[PDB]
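Trainee: The structure follows.
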Amino acid sequence: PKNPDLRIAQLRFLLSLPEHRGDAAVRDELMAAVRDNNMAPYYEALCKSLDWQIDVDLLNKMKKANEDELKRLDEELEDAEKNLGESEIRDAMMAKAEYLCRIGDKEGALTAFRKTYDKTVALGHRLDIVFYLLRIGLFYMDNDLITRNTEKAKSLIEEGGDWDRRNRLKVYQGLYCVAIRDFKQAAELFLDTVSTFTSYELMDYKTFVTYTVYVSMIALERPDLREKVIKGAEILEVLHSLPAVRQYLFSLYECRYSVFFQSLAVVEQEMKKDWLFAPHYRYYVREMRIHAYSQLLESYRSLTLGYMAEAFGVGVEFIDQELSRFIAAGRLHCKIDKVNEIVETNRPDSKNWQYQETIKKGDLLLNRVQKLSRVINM
Amino acid sequence: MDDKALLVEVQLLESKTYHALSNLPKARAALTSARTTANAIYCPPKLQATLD
Amino acid sequence: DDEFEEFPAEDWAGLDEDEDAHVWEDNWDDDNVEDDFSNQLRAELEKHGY
């Protein structure tokens with residue numbers, strides 16, 4: 001239906017340093033526009049970029065003509081006949097997404113889809129509206145609709161058939177991301193699906209595999225990710241198709257940090273132009289850095305800063321600053337020494353960490369039990 | 001098509017490529033299908049040797 | 001249950017539009033400034049030979 005993110009994120013929403021404000025991407029968006037003529041991408045285009053040019057209404061004329069003709073056709077087919085369930089009405093709303101979603105908006109289409117959902121019985125229509133409006137709320141920054149539709153599908157709709165919702169975790173790539181959800185869950189369903197994709201509507205297979213690798217290597221640093229993302233068959237095959245992603249993954253796995261950072265810079269930049277850009281490109285490149293640092297610091301007791309810089313890319317002072325910032329944040333258990341130029345790891349053994357966790361969890365439980373006891377018996 | 005010797009050739013080639021892509025389980029599945037479809041056909045000594 | 005009216009229940013103005021209204025539990029480190037990666041790397045090794 002509407003695959004290429006409508007080029008709108010890369011379009012003039014990536015100005016300044018990314019600078020993406022006019023290029024062949026605008027051409028691609030405009031050809032996707034003129035075919036099935038649309039004015040909805042022209043809202044902001046009626047405001048800031050190509051505000052009041054000749055084409056702005058020179059397309060609007062036959063666009064309005066075509067949409068009026070097709071809406072008239074749908075209204076005639078809806079009033080003349082009385083088709084029930086999955087019917088010409090659902091055709092009217094699916095067009096209305098191919099239309100007013102790409103004429104003016106989702107609101108009319110959301111209403112029409114709600115109506116036909118009240119009228120229909122089968123489930124793929126509900127998944128259709130889920131992904132329709134997930135992408136629409138990626139155009140207009142909507143998440144409550146996505147989670148409402150996801151709950152409707154998973155909790156209630158998924159009692160007949162199955163095998164569909166999994167990829168609609170794409171929202172979970174960007175829901176709780178900068179703490180827990182750019183990974184963990186977003187990887188455990190990408191992995192569970194990479195064998196059986198069957199959802200080419202949202203994204204091609206290669207892009208899906210890149211997303212899966214990206215989220216899995218932040219979900220799993222070396223907790224035997226290899227059992228699922230390196231020994232994985234389909235992932236390996238598509239990586240044979242994608243040299244850059246394969247190098248970026250195996251560099252981290254094979255402790256080739258010098259090239260892992262160059263791969264991570266490339267990932268950051270190519271990630272800064274996506275539906276995934278605005279949410280967490282900064283966060284992802286911080287987390288992967290911390291992950292690689294912890295991987296190197298593990299299996300070491302005291303590392304010379306020079307050895308780090310020569311083996312971790314560059315920047316003795318750069319590495320000093322980064323380690324300082326990351327230890328200050330509480331992650332990356334290690335203590336950095338100055339001009340002696342040593343970095344000492346202070347990872348507590350199992351017993352000491354166990355005692356600390358006992359203290360923490362028991363303090364939580366004790367505060368809870370104290371509160372409970374005091375509100376009872378006055 | 002009733003032709004199977006060429007079918008076995010194609011299945012073996014598919015398994016070879018699948019192995020070359022590190023897609024080992026799917027390569028094994030294609031090889032098993034080739035073996036099944038060859039245990040019912042002439043399978044000349046070259047094809048048998050190649051399959052083994 | 002006490003409503004603690006002795007402390008004025010500080011009204012959140014007019015429930016004005018927030019920053020994001022996102023679901024996005026973040027940390028203290030997400031608010032700093034950064035300048036990509038590769039620039040740093042070349043800028044710190046061409047002094048020694050890159």
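Letters A, B, ... mark the chains of the structure tokens in the order given; residue numbers begin at 1 per chain; ligand numbers begin at 1, in order shown.
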Enumerate as an MDAnalysis selection string the residues belonging to chain A that approach chain B to within 12 Å, with only C-alpha atoms taken into account.
Mentor: chainID A and resid 195 230:242
Trainee: Using 9 Å as the limit and counting only C-alpha atoms, can you tabulate each residue of chain C that touches chain A, with its shortest atom-to-atom distance in Å and the two atoms involved, as JSON lines?
Mentor:
```
{"residue": "C:22", "atom": "CA", "partner": "A:175", "partner_atom": "CA", "distance": 8.0}
{"residue": "C:23", "atom": "CA", "partner": "A:176", "partner_atom": "CA", "distance": 6.1}
{"residue": "C:24", "atom": "CA", "partner": "A:176", "partner_atom": "CA", "distance": 5.1}
{"residue": "C:25", "atom": "CA", "partner": "A:179", "partner_atom": "CA", "distance": 6.3}
{"residue": "C:26", "atom": "CA", "partner": "A:178", "partner_atom": "CA", "distance": 5.7}
{"residue": "C:27", "atom": "CA", "partner": "A:179", "partner_atom": "CA", "distance": 7.8}
{"residue": "C:28", "atom": "CA", "partner": "A:329", "partner_atom": "CA", "distance": 7.9}
{"residue": "C:29", "atom": "CA", "partner": "A:329", "partner_atom": "CA", "distance": 7.3}
{"residue": "C:30", "atom": "CA", "partner": "A:283", "partner_atom": "CA", "distance": 7.0}
{"residue": "C:34", "atom": "CA", "partner": "A:282", "partner_atom": "CA", "distance": 8.4}
{"residue": "C:36", "atom": "CA", "partner": "A:265", "partner_atom": "CA", "distance": 7.3}
{"residue": "C:37", "atom": "CA", "partner": "A:265", "partner_atom": "CA", "distance": 5.4}
{"residue": "C:38", "atom": "CA", "partner": "A:265", "partner_atom": "CA", "distance": 5.9}
{"residue": "C:40", "atom": "CA", "partner": "A:318", "partner_atom": "CA", "distance": 8.5}
{"residue": "C:41", "atom": "CA", "partner": "A:314", "partner_atom": "CA", "distance": 6.2}
{"residue": "C:42", "atom": "CA", "partner": "A:314", "partner_atom": "CA", "distance": 8.6}
{"residue": "C:44", "atom": "CA", "partner": "A:315", "partner_atom": "CA", "distance": 6.0}
{"residue": "C:45", "atom": "CA", "partner": "A:314", "partner_atom": "CA", "distance": 6.5}
```
Trainee: Let me see the file: selected residues, N, CA and C atoms, as a short mmCIF file (atom, residue, chain, number, x, y, z; two decimals), in the first residue's frame.
Mentor:
```cif
data_model
loop_
_atom_site.label_atom_id
_atom_site.label_comp_id
_atom_site.auth_asym_id
_atom_site.auth_seq_id
_atom_site.Cartn_x
_atom_site.Cartn_y
_atom_site.Cartn_z
N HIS C 22 5.31 11.51 25.38
CA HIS C 22 5.73 10.19 24.95
C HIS C 22 5.70 9.21 26.11
N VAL C 23 5.91 7.95 25.78
CA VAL C 23 5.95 6.87 26.75
C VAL C 23 7.39 6.53 27.11
N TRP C 24 8.27 7.51 27.04
CA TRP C 24 9.68 7.27 26.77
C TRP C 24 10.51 7.56 28.02
N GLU C 25 10.52 6.58 28.92
CA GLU C 25 11.34 6.68 30.11
C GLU C 25 12.82 6.76 29.76
N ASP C 26 13.40 7.94 29.94
CA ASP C 26 14.77 8.23 29.55
C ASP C 26 15.62 8.48 30.79
N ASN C 27 16.90 8.72 30.55
CA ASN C 27 17.89 8.91 31.60
C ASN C 27 18.47 10.31 31.53
N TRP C 28 19.45 10.56 32.39
CA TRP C 28 20.07 11.88 32.46
C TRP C 28 21.01 12.14 31.31
N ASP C 29 21.44 11.10 30.61
CA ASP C 29 22.48 11.24 29.60
C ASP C 29 21.94 11.57 28.22
N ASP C 30 20.63 11.61 28.04
CA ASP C 30 20.04 11.82 26.73
C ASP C 30 19.93 13.28 26.35
N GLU C 34 26.26 16.17 21.00
CA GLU C 34 27.16 15.23 20.34
C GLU C 34 27.34 15.70 18.90
N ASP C 36 28.19 13.49 15.93
CA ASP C 36 28.39 12.29 15.11
C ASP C 36 29.56 11.49 15.68
N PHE C 37 30.09 10.54 14.92
CA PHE C 37 31.22 9.74 15.36
C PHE C 37 32.44 9.90 14.47
N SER C 38 32.29 9.67 13.16
CA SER C 38 33.45 9.55 12.28
C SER C 38 34.30 10.81 12.32
N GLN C 40 34.87 12.76 14.79
CA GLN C 40 35.75 12.66 15.94
C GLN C 40 36.96 11.80 15.62
N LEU C 41 36.70 10.62 15.05
CA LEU C 41 37.75 9.62 14.88
C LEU C 41 38.85 10.13 13.96
N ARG C 42 38.46 10.65 12.79
CA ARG C 42 39.45 11.19 11.87
C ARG C 42 40.13 12.41 12.47
N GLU C 44 40.84 13.02 15.45
CA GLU C 44 41.79 12.68 16.51
C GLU C 44 42.89 11.73 16.06
N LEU C 45 42.80 11.15 14.86
CA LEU C 45 43.92 10.34 14.39
C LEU C 45 44.70 10.93 13.23
#
```
Trainee: What's around residue 42 (chain B) at 10 Å? Count only C-alpha atoms, leave out sequence neighbours fewer than 6 positions away in its own chain, and write the answer as a PyMOL selection string.
Mentor: chain B and resi 4-5+48
Trainee: Pick out the residues sitting within 9 Å of region 94-111 of chain A, and hand them over as a VMD selection string; count only C-alpha atoms, and ignore anything fewer than 5 positions along from it in its own chain.
Mentor: chain A and resid 1 to 2 33 36 to 43 63 to 64 67 70 to 71 74 89 116 128 to 129 132 to 133 136
Trainee: Would you mind writing down, as a ChimeraX atom specification, each residue of chain B that DSSP on the backbone assigns to alpha helix (DSSP H)?
Mentor: /B:5-20,24-38,45-51
Trainee: Excluding residue 6 (chain A) and any residue of its chain fewer than 6 positions from it, enumerate the residues within 10 Å of it, using only C-alpha atoms, and give them as a list in words.
Mentor: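 Counting only C-alpha atoms, the residues come to residues 25, 26, 28, 29, 30, 32, 33, 41, 135 and 139 of chain A.
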Trainee: Distance CA of residue 189 (chain A)-CA of residue 250 (chain A), one decimal place?
Mentor: 21.7 Å
